[PDB]
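Each remark here refers to the structure printed beneath this line.
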Amino acid sequence: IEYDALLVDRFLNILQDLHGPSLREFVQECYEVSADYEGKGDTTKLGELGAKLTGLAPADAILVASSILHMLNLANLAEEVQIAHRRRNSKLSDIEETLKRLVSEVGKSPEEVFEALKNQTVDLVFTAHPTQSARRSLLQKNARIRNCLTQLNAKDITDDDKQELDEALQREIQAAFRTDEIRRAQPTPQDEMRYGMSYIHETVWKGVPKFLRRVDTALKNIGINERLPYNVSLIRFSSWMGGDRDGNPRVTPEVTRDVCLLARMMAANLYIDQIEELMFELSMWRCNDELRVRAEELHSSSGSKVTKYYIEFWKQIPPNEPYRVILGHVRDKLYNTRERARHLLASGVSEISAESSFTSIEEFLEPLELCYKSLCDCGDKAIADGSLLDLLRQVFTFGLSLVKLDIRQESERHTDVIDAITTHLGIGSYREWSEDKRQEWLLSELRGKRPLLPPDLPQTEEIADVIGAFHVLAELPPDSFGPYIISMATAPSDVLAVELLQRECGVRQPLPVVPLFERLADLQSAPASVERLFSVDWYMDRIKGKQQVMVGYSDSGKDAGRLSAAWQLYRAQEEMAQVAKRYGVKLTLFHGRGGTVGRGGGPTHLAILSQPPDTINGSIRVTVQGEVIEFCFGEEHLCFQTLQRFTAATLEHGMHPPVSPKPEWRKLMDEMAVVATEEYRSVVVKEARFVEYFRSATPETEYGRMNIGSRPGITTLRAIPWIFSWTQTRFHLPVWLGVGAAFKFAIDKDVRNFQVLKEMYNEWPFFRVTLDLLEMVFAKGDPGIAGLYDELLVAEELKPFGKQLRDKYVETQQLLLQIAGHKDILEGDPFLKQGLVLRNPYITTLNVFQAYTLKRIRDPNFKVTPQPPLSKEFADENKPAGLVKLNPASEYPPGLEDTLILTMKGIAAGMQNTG
Amino acid sequence: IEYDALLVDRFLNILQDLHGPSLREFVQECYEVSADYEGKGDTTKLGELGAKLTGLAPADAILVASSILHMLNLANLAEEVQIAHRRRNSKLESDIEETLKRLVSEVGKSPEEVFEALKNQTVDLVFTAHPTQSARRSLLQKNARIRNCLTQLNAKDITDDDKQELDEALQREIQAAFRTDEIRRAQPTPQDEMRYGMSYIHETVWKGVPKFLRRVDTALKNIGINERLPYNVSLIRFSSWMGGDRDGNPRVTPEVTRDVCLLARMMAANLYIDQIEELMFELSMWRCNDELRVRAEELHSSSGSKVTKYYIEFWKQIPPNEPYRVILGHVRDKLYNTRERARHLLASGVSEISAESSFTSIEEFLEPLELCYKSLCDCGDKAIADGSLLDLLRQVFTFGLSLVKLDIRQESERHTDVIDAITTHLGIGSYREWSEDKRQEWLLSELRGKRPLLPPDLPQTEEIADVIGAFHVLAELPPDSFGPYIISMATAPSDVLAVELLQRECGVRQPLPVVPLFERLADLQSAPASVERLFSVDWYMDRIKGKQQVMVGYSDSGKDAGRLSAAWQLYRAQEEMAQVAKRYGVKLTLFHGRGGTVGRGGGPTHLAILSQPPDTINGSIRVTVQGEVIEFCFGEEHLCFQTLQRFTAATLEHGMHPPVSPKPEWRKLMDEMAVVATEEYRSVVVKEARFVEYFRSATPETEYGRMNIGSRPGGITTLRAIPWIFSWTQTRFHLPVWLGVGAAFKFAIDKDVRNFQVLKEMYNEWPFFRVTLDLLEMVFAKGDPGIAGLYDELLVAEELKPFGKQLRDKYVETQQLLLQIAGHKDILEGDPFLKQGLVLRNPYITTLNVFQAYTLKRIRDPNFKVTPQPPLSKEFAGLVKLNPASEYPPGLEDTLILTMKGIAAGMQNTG
Ligand SMILES: O=P(O)(O)OC[C@H]1O[C@H](O)[C@H](O)[C@@H](O)[C@@H]1O
Ligand SMILES: O=P(O)(O)OC[C@H]1O[C@H](O)[C@H](O)[C@@H](O)[C@@H]1O
């Protein structure tokens with residue numbers, strides 16, 4: 035309430051200084067009018083907003099939309115600092145609290161909590177899902193605005209530093225305001241990778257050694273007189289950027305080669321900085337004999353020649369500084385590692401050998417562990433637990449490639465390739481065969497040692513990309529890659545085909561093949577698919593007791609309902625874990641969940657809690673998708689929270705699991721799921737005029753204009776634009792549609808079922824968490840806004856259909872609140888609700904702004920009354936506005952497209968979610 | 035006794051955990067007896083302390099001497115943090144804002160007069176590798192970390208987990224410094240002492256200059272100036288002697304100078320690259336000039352749409368609607384060539400990359416940056432241009448393409464050596480035997496002549512070769528990497544003219560300005576005459592173009608005469624030289640060669656600037672920052688901000704609000720005691736032959752070279774100033790600093806009893822006389838004749854201690870009259886804390902004083918029997940064998956060196 039009024043004060047001053055007082059008063063007037071809608075429910079205020087926002091000059095319209103976008107963004111920044119400040123004060141969920149509670153209350157011993165941590169691993173998978181509506185220029189400014197705002201509220205600073213810190217804050221807000229918010233060109237898969245990797249640099253790299261040090265501090269406070277072994281990778285980091293090519297033909301085999309090399313050069317660069325700092329630190333002389341002989345071998349083998357362009361340690365290092373002798377050799381091999389990567393990237397050859405550089409992580413760890421052992425054996429274990437222990441943990445966590453790259457392609461793309469092989473040879477048509485026929489042939493071919501892939505094989509452009517990707521996988525080192533994920537996996541022949549196409553393409557060390565069950569049917573037959581794979585002798589010899597399976601929270605919610613998909617994913621996880629335990633396999637589940645509730649999003653410790661008991665056991669992978677990367681790792685503060693949340697919630701779920709559902713609960717969920725999906729699909733799939741309404745009532749067709757990603768009826772739509780359209784209108788149709796029908800069906804089947812619905816919400820964590828998130832969504836909902844879009848853009852014949860959907864909204868919210876114990880939305884949580892009451896008037900302004908602009912774009916002859924210009928800069932019509940001409944040759948009249956894009960970015964900013 | 039007790043309580047714990055409890059309380063028992071010597075004066079206890087320091091095992095003697103050294107170091111770190119925390123509280140020694148307010152309101156200058164003064168001010172801080180830094184760079188690195196942990200451990204809002212983790216880091220780095228070899232086993236190269244000095248330019252000075260200029264701008268705002276200080280105003284410059292001063296150092300070769308010049312140019316390129324690609328991300332605005340628009344479209348068109356796959360950011364071509372990124376992207380690639388071209392010249396001697404591909408001048412670099420600045424301003428975005436862009440522009444004007452400008456220094460006789468070889472080989476005669484008037488007319492005829500002089504047939508020694516080869520290297524390297532050519536022990540205008548000719552006859556196509564360094568008393572007395580002779584010859588006036596720079600040495604003048612007479616002639620030299628310069632219309636810039644110790648002209652920066660005569664600075668001054676002082680003034684960020692502010696504020700106040708000139712009575716008295724003080728000084732150091740034998744007996748002067756501080760490898770005038778001061782500082786006697794002052798004061802009182810009130814009047818009113826005496830009492834605070842009397846009783850011969858006690862009593866005498874002139878009850882009355890910093894350190898200093906004298910005894914006296922006692926350290936002799944071939948028996952050299960570093964740490968000064 036004070037951080038917010040501070041930054042908004044600075045912005046409105048910058049606005050008045052640059053464009054005059056009229057543009058400032060207008061923006062403030064919009065807030066007051068919208069504040070009366072939000073505060074009273076006066077639907078006539080929306081017509082008042084519509085009146086003002088129509089008729090503006092093209093430049094003023096862009097400036098109005100951009101100002102509100104920046105103020106909503108500033109409001110977000112003001113809240114991120116406020117919660118950080120409150121979390122700090124609350125310490126004057142935690143990993144030390146979780147360790148204490150796990151020893152004192154649930155009664156586990158410190159040693160079995162120690163043993164649990166040493167076997168835990170949470171892999172966080174960065175993906176470039178097109179959800180980051182803010183360009184990196186603007187995000188970079190947000191870091192400095194938050195940094196200024198934090199230092200500005202220390203009780204330590206002088207009046208003069210206070211005066212300079214605000215001047216820097218005002219100039220950073222101005223720098224963002226005068227930047228083109230609209231990304232005028234589509235990004236490159238290499239650009240998306242760099243955006244993800246930037247968080248590995250600025251936050252994650254030094255983040256996880258600081259977090260691993262806290263884990264040791266927590267272990268010491270529960271009696272463990274021992275550090276967590278540095279080979280324990282509590283957190284690992286993977287990437288989809290450059291590897292996932294599902295429906296992205298711009299992700300080429302060249303692109304994957306690029307990101308693998310560029311990441312290896314980045315890793316060498318960060319290792320260089322750490323080794324140079326370590327060279328200066330370890331100036332001791334006492335060392336083990338094994339290092340004493342190694343330091344004398346290196347000092348003798350290398351001639352006493354100088355390197356005049358080295359800034360430190362440019363002469364031969366004396367042997368009485370053994371740790372510098374050993375690390376100087378590591379530093380020299382690292383420089384070769386960096387530029388050998390540099391050369392391969394520029395032109396795929398290098399003068400620098402592989403023997404002169406680091407090729408394996410054992411090669412890199414060997415001298416570093418020698419220094420650690422050496423220091424310990426002289427009683428210098430305290431010195432070895434400093435920067436050296438940090439680095440040793442960084443190598444086990446990041447390796448030579450910084451992150452491991454998953455590869456993802458869809459199943460029918462492999463079937464296309466194998467059918468080509470069988471058709472080109474004499475065998476027949478792999479596409480026409482039954483599923484069991486395919487499993488029979490693939491196993492006869494994997495067992496047979498005769499090659500299959502013919503050199504003269506005719507290839508489409510799609511078949512060439514699939515094979516070329518596998519060729520790229522064979523060229524680059526195996527430690528640069530994670531698994532090969534099958535999008536749209538349905539049956540074991542999908543997994544076996546990739547296993548064969550891998551070997552038939554020269555992958556000497558094949559990646560693990562992970563199926564991604566994304567739709568409802570695929571998830572229903574998922575434990576059956578896993579079982580028959582586990583019953584094949586060849587496949588069990590290949591996986592060696594380790595299996596990974598991915599579940600897709602996005603496309604499954606889009607196929608069925610939210611409630612149905614949520615339930616089926618619970619069962620798929622549960623029955624697959626049972627299949628794997630019967631067959632003696634350690635299953636690792638890969639949760640592909642996005643930022644929004646509709647795509648599997650929600651607080652980390654709550655999403656882990658809703659997962660079936662005894663299906664994690666210290667081995668889990670989760671996708672951090674697009675804008676979520678900023679949400680979790682945009683600043684050191686946040687990275688420490690994100691690392692602590694995943695580590696604590698994964699450890700607690702292991703030793704202290706949640707409850708399994710009662711048999712009556714399961715039966716109710718199974719029947720409610722059927723009713724939910726039928727109700728969902730009756731509106732989304734069966735209703736003929738749905739997509740016509742859906743394209744009228746939402747800004748779906750404009751999502752691509754934001755230029756977020758590299759990807760060049769409802770069946771064809773992606774999940775992110777799907778959720779996006781219904782989050783922009785604050786309707787959130789896919790997130791709740793069906794839950795109303797399932798709840799009614801349950802209580803009209805039996806009135807007592809209302810009492811078991813209340814028992815499930817109070818006792819079943821999966822149920823509480825699922826329905827708690829639905830409440831949080833209805834908090835961010837407003838049927839009045841959906842009604843405004845219906846009125847301005849939806850044809851009259853479809854208006855009764857829209858009102859039907861708003862009726863299902865109101866009855867679903869009525870229910871869910873009554874199954875919960877609450878009077879109204881968000882009782883026992885007022886801070887988030889306070890953050891809503893302050894952001895909402897500016898979102899409502901943009902909602903009215905977006906709707907009326909869409910009307911001006913679709914109806915080119917919608918009459919408006921021109922208003923006098925508001926900005927002093929573009930007030931005189933001599934020559935056109937630079938702001939308007941930033942989009943030359945637009946498909947829409949001047950200013951409308953830019954105005955529309957800014958409302959989409961601003962609503963996403965206020966909603967704190969894009970899709 | 036807060037941070038102090040903290041820092042040692044951990045060290046004492048780390049010591050016991052590694053070496054056992056007996057060694058722990060042995061060093062505490064050493065504090066026991068010495069603390070009671072300081073709290074009594076019992077000379078009995080020093081012999082008692084010496085009794086058990088003697089018999090220690092060789093490995094234990096090293097550990098004890100090192101343990102005291104690390105605790106005295108920790109006591110200094112705790113003092114540094116306490117001071118910084120106290121200064122922080124005093125804002126919740141003048142601020143730059145307070146100085147601007149005082150100059151406007153009290154003194155009554157207009158804010159525009161203050162503004163116009165600041166725009167014309169330049170304080171050049173000259174980093175030198177003078178051999179004063181006793182600590183290894185590895186140890187200095189850990190001292191910064193220990194101060195960092197100790198600071199964060201006292202924050203107002205840190206958790207208990209954050210506190211205990213910062214504690215573990217504090218201990219593991221107290222232990223990492225303890226288990227490091229404190230002794231530099233090999234003598235450093237000149238290219239290494241360049242590294243040491245340039246490390247501070249990286250870690251605090253680079254970002255500190257634009258931060259301080261930022262505070263100068265807010266100060267200007269709060270006195271009514273609604274304008275930023277122009278970015279082309281170089282309020283603070285930085286020069287270097289490292290790799291440039293070669294006087295007395297034959298290891299500073301012409302190749303060494305070439306190295307540090309190109310290496311600095313590479314470091315400059317590295318820092319600019321980081322700032323540029325950082326600025327690349329920041330300047331994302333689209334509004335720009337007409338001139339920037341045309342520029343951005345010119346380069347976007349002329350640049351093919353190639354990509355650079357190894358660029359982390361901006362790896363594709365940049366769109367022309369991001370104009371600032373287009374220009375800065377070209378700047379970035381031109382800087383990458385500049386860095387690599389310097390790398391190639393440094394490794395080999397040639398580069399594939401052209402000069403046309405890189406930045407060869409400040410103007411070439413500034414043109415794109417100033418275009419962006421004017422562009423942002425013309426679009427109403429001045430507030431953006433004043434962010435990172437202004438900081439970088441200020442960094443260019445402050446540091447340039449070489450980061451620091453190098454100064455070259457060689458002594459006058461080395462130049463006369465070469466010129467004598469020329470005339471002898473040509474048959475002109477002997478330049479060495481000509482009178483100075485003849486020398487002037489000959490060189491002036493050769494400078495006016497067009498015929499070459501230096502024959503390639505010239506027979507050369509190694510020294511005459513070093514002089515010419517150094518001039519050759521000056522001709523090869525770019526002019527913007529050099530400052531002035533400085534002449535050590537300059538005496539007369541021919542020394543200046545000799546260098547002027549040698550420069551031109553060695554092919555220096557744009558000659559360096561020649562600066563005389565007047566280091567000895569006789570040279571300073573004739574210095575206004577030498578400057579007037581140079582200002583009166585038409586050739587030299589046409590060359591210098593109304594600007595002259597003269598260096599005055601504080602180290603060698605205090606060694607020639609006394610401290611009183613040096614400081615007074617230095618006052619008169621500056622005073623009369625400025626009067627000569629004003630008569631001839633020349634702007635004179637004084638270069639003050641000040642050291643760390645008071646004996647070599649050291650002291651608080653704002654106090655030293657106040658001591659200088661009025662109307663001698665006027666916004667143009669250069670000051671040396673020598674060796675260990677570089678750490679004192681720039682070791683951490685708040686120290687750099689403090690140093691820049693003192694120099695800026697003191698210099699600015701001196702110009703518009705000068706000190707008072709001395710009264711005629713004050714001058715005459717000052718002149719008369721200068722004669723009496725010098726006569727008293729020369730009578731004990733020059734006259735009396737046994738002074739040398741006493742000196743080398745009672746001080747550890749003969750082992751100062753064993754610390755391997757610098758790269759510098767007979768009689769008494771042959772000793773250099775730093776070992777001279779270092780010797781009397783370790784014995785806590787400080788003879789050179791106060792010698793002639795005692796005879797001077799009594800002479801004034803006995804000549805006339807009324808002079809006693811005149812001495813008091815000068816102390817109350819005259820800033821020069823007040824600062825000079827105030828620095829003396831601080832020296833006496835760190836002085837103790839008992840320790841000097843110790844060293845005598847063990848090491849000096851019986852015939853000489855009558856002489857030693859005579860000096861000991863003129864110490865006590867001068868201390869008496871100095872306190873009576875100051876009107877102070879005791880030493881350091883109103884400075885309570887930094888006197889309580891003495892009461893904590895001095896027990897430890899006294900144990901090492903006894904350790905030094907007794908160790909020196911067993912070295913010079915191989916006969917002195919000592920009874921070995923059982924070892925203390927549970928580790929034991937690997938620690939001994941870090942010194943393989945020592946001239947002395949096992950452990951005594953290492954113990955003697957650890958001693959020297961310890962006292963240097965406790966005294967907070969080396970030489
Ligand atoms: O040896 P120290 O004084 O601790 O300095 C540490 C290092 O500093 C620089 O890098 C020098 O070039 C090295 O030769 C030296 O070893
Ligand atoms: O354009 P933004 O999203 O602000 O990203 C800023 C820049 O990021 C990377 O450096 C890309 O290579 C550039 O093409 C992009 O301009």
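Going down the list, the sequences are from chains A and B. Just so we're aligned: the first sequence equals residues 35 to 126, 141 to 760, 768 to 970 in the UniProt record's numbering. Just so we're aligned: the second sequence equals residues 35 to 126, 140 to 760, 767 to 929, 936 to 970 in the UniProt record's numbering. By construction, the Cβ of each residue, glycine as well, lies at the ideal position given by its N, Cα and C atoms.
Comparing the C-beta of residue i with each C-beta of chain B, is any distance below 8 Å?
| i | result |
| --- | --- |
| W333/A | yes |
So is the beta-carbon of residue i under 7 Å away from any non-hydrogen atom of ligand 1?
| i | result |
| --- | --- |
| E387/B | no |
| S331/A | yes |
How about residue i and residue j: do their beta carbons lie closer than 8 Å?
| i | j | result |
| --- | --- | --- |
| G351/A | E684/A | no |
| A389/A | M313/A | yes |
| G702/A | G650/A | no |
| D428/B | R342/A | no |
| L382/B | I455/B | no |
| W253/A | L318/A | yes |
| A834/B | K888/B | yes |
If we cut at 8 Å on Cβ distances, does residue i have a partner in chain A?
| i | result |
| --- | --- |
| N368/B | yes |
| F446/B | no |
| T652/B | no |
| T265/B | yes |
| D428/B | yes |
Out of the options, point me to the one whose CA is closest to residue i's CA.
| i | options | result |
| --- | --- | --- |
| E240/A | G291/A, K268/A, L260/A and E726/A | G291/A |
Can you pull every residue whose C-beta falls closer than 6 Å to some heavy atom of ligand 2, listed in chain order? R183/A, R184/A, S185/A, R231/A, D239/A, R242/A, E360/B, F361/B, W362/B and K363/B
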